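# Once you've seen the sequence and the experimental structure below, I've got questions.
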Amino acid sequence: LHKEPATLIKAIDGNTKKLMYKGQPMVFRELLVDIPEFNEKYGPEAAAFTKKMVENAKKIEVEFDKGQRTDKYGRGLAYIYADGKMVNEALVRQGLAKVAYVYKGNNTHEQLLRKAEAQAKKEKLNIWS
Ligand SMILES: Cc1cn([C@H]2C[C@H](OP(=O)(O)O)[C@@H](COP(=O)(O)O)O2)c(=O)[nH]c1=O
């Protein structure tokens, strides 16, 4: 896999899911995670967590997997990195998302993320508390 550059595009409502990739705006959806929505338990914590990670990054990169690059909603499907640190993994490791949506072809980092979840569960973090 390859990391490619992006930048955060500021949103009116403060969300940090839209990135500028090859010069164009694109909503990205993080591969391999289920992230609680704002109104669910740990929703506000997960949003604050990703927001701090992406907004403070000097460098954002996106990394496509080997399969589909966009979903049925037109969202980019990628591993998102903030100064070399993967957002998808960091959410899971902190118990702020679960490993989920594992489709064929786009599963390169599955075992890496499942290890993070196992560690988060062992430590009773957040969702696992
Ligand atoms: C993570 C991921 C989600 N999706 C689709 C599955 C779900 O479709 P449905 O909308 O029909 O439930 C949806 C979950 O996204 P959200 O968790 O952002 O709601 O996005 C993909 O198609 N591929 C993916 O890799």
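Looks like it came in fine. Numbering: from 1, shown residues only.

# going forward, measure contacts between C-alpha atoms and count neighbours the same way
Fine.

# Check which helix or strand the nearest residue to residue 81 once chain neighbours are set aside maps to.
Distances taken as Cα to Cα, 6 or more residues apart in numbering place residue 61 nearest to residue 81, at 5.1 Å, with adjacent residues excluded. Element membership for residue 61 (DSSP states H and E) is strand 60-64.

# helices or strands up against that strand?
Secondary-structure packing of strand 60-64 (3 or more Cα pairs under 8 Å, 6 or more residues apart in numbering; DSSP states H and E): strand 3-8, strand 76-82.

# Which of the ones you listed sits closest to the ligand?
Distance to the ligand, taken as Cα to the nearest ligand atom, is lowest for strand 76-82 among the helices and strands packed on strand 60-64, at 6.0 Å.

# Tell me the helix or strand right after the closest one.
strand 85-86.

# partners of that next one, with directions?
Each strand paired with strand 85-86, and its direction, by DSSP bridges: strand 76-82 (antiparallel).
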